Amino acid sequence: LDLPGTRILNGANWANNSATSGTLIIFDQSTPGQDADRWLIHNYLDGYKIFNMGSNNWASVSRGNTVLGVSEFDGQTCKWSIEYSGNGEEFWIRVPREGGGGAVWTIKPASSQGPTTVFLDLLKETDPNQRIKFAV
């Protein structure tokens, strides 16, 4: 009867996060531990909060323009906007900013040769590395 949550995908690669600061949100095609690839997205205020069923970590804005998982919920860094991209079933996850224009999730490696984690850059409507689809 338990909820399955969802998979946060980028193309074919799915999002995952392990326990243990603030851990990285790795986008690949191999799940590290149980439920590391399942996310629960509830509405939060006028945005959304994102929770990992495997590590119990929240997707957070972290000092240094990266998206890490954190243990304790923090409303200043754990709320997100999820806006439709305009094509397919692809979405932008967005840092809620005064009136809009906030930085969006970007799936690219840190300094090349992987691993492909989540970062924060300005939205480029054509950039495939920013498109996010969800699958239950």
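Note that residue numbering follows the sequence shown and begins at 1.
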What is the count, as a class, of unmodelled deposited residues between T20 and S21: none, 1 to 3, 4 to 9, or 10 or more? 4 to 9
Mean C-alpha B-factor comparison - 103 to 111 and 44 to 52, higher one: 103 to 111
Got a sec? Mean C-alpha B-factor, which is higher, 112 to 120 or 8 to 16? 112 to 120
Could you look up the Cα B-factor of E98 in the entry and say which third of the chain it sits in: lowest, middle or highest? highest
Divide the modelled residues of the chain into thirds by Cα B-factor and specify which third, lowest, middle or highest, holds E90. middle
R63: C-alpha B-factor third of its chain, per the entry, is the highest
Split into thirds by Cα B-factor across the chain's modelled residues, where does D74 land: lowest, middle or highest? highest
What third of the chain, by the recorded C-alpha B-factor, contains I132? lowest
